[PDB]
Every structure is written in structure tokens, then in C-alpha cells.
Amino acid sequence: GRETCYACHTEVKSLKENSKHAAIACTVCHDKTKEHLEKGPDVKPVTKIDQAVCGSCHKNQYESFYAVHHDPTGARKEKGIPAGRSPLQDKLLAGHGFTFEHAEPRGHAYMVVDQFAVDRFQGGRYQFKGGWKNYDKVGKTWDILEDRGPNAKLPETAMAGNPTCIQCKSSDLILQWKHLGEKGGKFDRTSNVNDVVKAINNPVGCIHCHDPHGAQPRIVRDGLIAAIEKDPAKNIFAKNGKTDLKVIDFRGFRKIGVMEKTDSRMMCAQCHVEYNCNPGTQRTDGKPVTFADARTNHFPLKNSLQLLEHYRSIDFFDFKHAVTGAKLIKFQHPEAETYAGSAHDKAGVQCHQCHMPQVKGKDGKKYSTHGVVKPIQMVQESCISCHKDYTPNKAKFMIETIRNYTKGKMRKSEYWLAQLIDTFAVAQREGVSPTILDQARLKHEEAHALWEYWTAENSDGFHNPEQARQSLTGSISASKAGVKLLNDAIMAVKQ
């Protein structure tokens, strides 16, 4: 009966006919279709967004996404500890909700539960049922978490969660959210986040990267489609002055982007980017930037060396540093923007080659693992598969040397920003002129942008070692210049 459907749903016909999934009957994925025909287009069919339906025919992709592994060093790894990825986090992000809890990432299957349970999300409201002993459970959100209710309080939490956060954790609102989270769907940017979490049962769906109608490689993230549309010729995924994306607009309500050829750069960039998904402040007037404003669901697609200019051009910053008052940018996991134009990218390698390598299942069917891999833990498939001359030690050696050298500059930029911050408080206290203190704030802005990008980014330089060195040494230079300007000023007091 698809022809009857197709009379009214012509884009679906275009994706589905003569495709890999051509023969799949509609009722496989959609329930209540008879009521939809009979009663008309008031009675919408039900589209349950759900991995297990793809799993029925794609079991190795489904099993590997859900497989439970246990890293013997644990998870919930706070970054802000002496031996961690961001040892001076509490000082350098003073004034930001990340200081309440920010841990290293873990597996994809945990993404909703970890978003909802982290100390910075919603005041500790949502917790794992049964506590720590069930921290490794996968599946449905509300089988794993419980809701302690709106009036419960837990000490040293924050309330940074909002609806836009969910757009990088699940495909469950694909039909229930208007492009950008503008008003008109069941939920939008201004929704109460605690109404929204109830509807998220599942982590990133299979449909996030694969069209259900015709199995075409795709993107569904609003912010990512929008950024590419803004900059169709020069954006990080472009080639030859265009990008391999066709935007399909459904009813004026929501878009997808279909690509002729798999580009896991774009598919992983639906989440692995710097973004704004939060309220902020305007640099010019200091006016609030609320969820009313499109700037609160936004993807720059710019790297470390471009981002301070970019946020100044859209008159936006995230928080004032608690000590210096500097108008800082908060950075988050810019892996796509870092990877852009690195040695591997310019070689045509994509994220999935190192992070979703080929493994054999079952009997012995070849597939891309959909439990994403930490390359250092799997160098034979993530690296040696292509670098056939490498031994596992060599692969490890190369990953660690680059991170070693990058980390040395990261720790040195932190030492310098801490010096900047300590010098500034001294300079204040001895009331050095607000003019001078303001020159120092620009120094902080610059040194912070060129530093925090790399604690937020998760490769410690491996994704782009040149850009990391350039950025971090820029940060150091910025901070030592601020420290010299302030000390010059502090002397000039009793002068």
C-alpha cells in the first residue's frame, strides 16, 4: 500500500524507492497507519524511535553499540584532579557550572543517563536506581535512573541542564522538535527541561547517522545543518567550494542532510563540536542572551585560532571569570574543528576509520564496530590496519609522544593562566587602574580561548598537533604579556 502513503509523502518515496531498504514495509517502523488512512491526518501514526528495530536486521551494529565493557580504571573520571586532563579546572573555570562536576566521556550507550545524573545538570535530582552497583547498566533511561523529584536538593550541584542539551544525546525527539528548537513542536528551547527528560528513553539512535527510509548516510542535527547552510562553500567539510549535503526540509518543520558518500566527519560533528547550547551575555551591552535567541543553539564550526574572533562577531560570551571579570568563552569538545585540515584529514581519513574500525562478528561477518573505540586501547584495528609496518608498541609510542608534547604545553599554559589570575587579584587589591585591569582582561580572554579549547577537546593534540602547539604557545604568550603588564602596573603604584 506504500503508493497510497506516497501520494502524500513524496520525499519519503524519493529516499526509499530503489534503495537498500526498498522492500521494508512501512508498518515495520510505523504503527497506527490504518487509523491514519481511515480517520485522516489528524490521527498521526506512531513512530517509535528505537534501535532494536534496526537491530532485527543489523544485529552486529546493534550488539556492538549496546555491549557492556568495564574499563578497570573505572569511569566518572573528574578532569579537575592533579593527575587528570584539566588539573587547574577549578581555578581557571571559576564562575562556570563545570566546576561542580566535569568527567571524561565514556561509552555512547551511557550518554543520556550521564547527562541527566551529572552533578551540574539539575541539582542532583536524577540518580541511578540502586546506586553505584548499577552504574554500568545500559538500555532505557528510566529503567536506569530515578527521579528524586523537583524539591529534593543535593549539595554542591548546579542547574545547567536545558532542552537543547538533549539534541546531542538522543534521536528520540526527531519528530517532536522544530528546527533549532524554535517554538512549534512538543518541545523547544524554552521548554522546562524536566518535562523533556521524561520523553528520552534511548541514547543516540541508529537514525542519527542513517536514513531509515533509504539507508543513506545522513545528519539530523539542526545546529549542524544550519552551520553548513550558512557557509556552504568554505566550511570545514566542504570541498571544491561546496559540501556533500542535500538538505531535505519536511513541512517547513524539520530538516535532514543526506550525503552521497559516508562522511563520518560530518556525522560525528552532530555532537563532537564546540557549540553554544546555553544562555550567555552580550559583550557590547552586557544584556542577557536567553533561549529566545538563536545564539543559544549554535555551531561555529571554527577552530582554536578562529573562535575568539567568531564569538566577538556574534556578540556572545558564556561567563565572567569569578576573579578577573574577563568575558570568557566556554569551550566544549571541538574534535571536528580540530581534526579539520590535519594530516589524517588531508589524507582523506575520517573519524570512523580509527574510532569504528572493522571487526568480525557472530559467525564471522565483517562490520564497523558501533561501540566507539579509544584507539590507544585497540591499536591493531585503529592504527595498524592502515599503518601495516607498525608494531602495537610503535602505534602506542606515536599516540603517546604527541600527547606528551601537547600536554607539556597545556600544563605550561595552565601555569601561566594561574599566574595571570593570581597577578590580577594582586593588581586589583592594590587598586591598579581599571584601564590596565581591562587590558589584562583582554589578555585573559585570549589566553583562556587558546588554552581551554584543548582541555575541552579530547585528543590531547593527537587530532591536530600543529594547531595545538600554535594555540597553546599563543596562550602562554598572551598570559606572560598580561602578567608583565600587570606587574608593570603594580610597581607603578608606590612609584
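For every residue, the number given is its place in the sequence shown, counted from 1.
**Student:** Take the C-alpha B-factors listed in the entry for 36 to 44 and for 457 to 465, compute each mean, and give the stretch with the larger one.
**Tutor:** Per the deposited B-factors, the answer is 36 to 44.
**Student:** So which stretch wins on mean C-alpha B-factor, 468 to 476 or 17 to 25?
**Tutor:** Mean B over CA atoms: larger for 17 to 25.
**Student:** Among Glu335, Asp263, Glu104, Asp285, where is the Cα temperature factor highest, going by the PDB entry?
**Tutor:** When the deposited C-alpha B-factors of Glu335, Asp263, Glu104, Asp285 are compared, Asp285 is largest.
**Student:** Name the residue from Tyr339, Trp416, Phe424, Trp142 with the greatest C-alpha temperature factor listed in the entry.
**Tutor:** Across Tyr339, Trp416, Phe424, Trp142, the entry lists the biggest C-alpha B-factor for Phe424.
**Student:** Please place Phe317 in the lowest, middle or highest third of its chain by C-alpha B factor as given in the entry.
**Tutor:** Its C-alpha B-factor belongs to the highest third of this chain's values.
**Student:** Going by the recorded CA B-factors, say which third of the chain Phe250 sits in, lowest, middle or highest.
**Tutor:** Within its chain, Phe250 is a highest-third residue by C-alpha B-factor, going by the deposited values.
**Student:** Would you please rank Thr73 by its C-alpha temperature factor against the other modelled residues of its chain and give the third it falls in: lowest, middle or highest?
**Tutor:** As the PDB entry reports it, the C-alpha B-factor of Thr73 lands in the lowest third of its chain.
**Student:** Ranking every modelled residue in this chain by its Cα temperature factor as given in the entry, which third contains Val323?
**Tutor:** Highest third.
**Student:** Please say which third, lowest, middle or highest, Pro375 falls into when its CA temperature factor is compared across its chain.
**Tutor:** Its C-alpha B-factor, which the entry lists for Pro375, ranks in the lowest third among residues of this chain.
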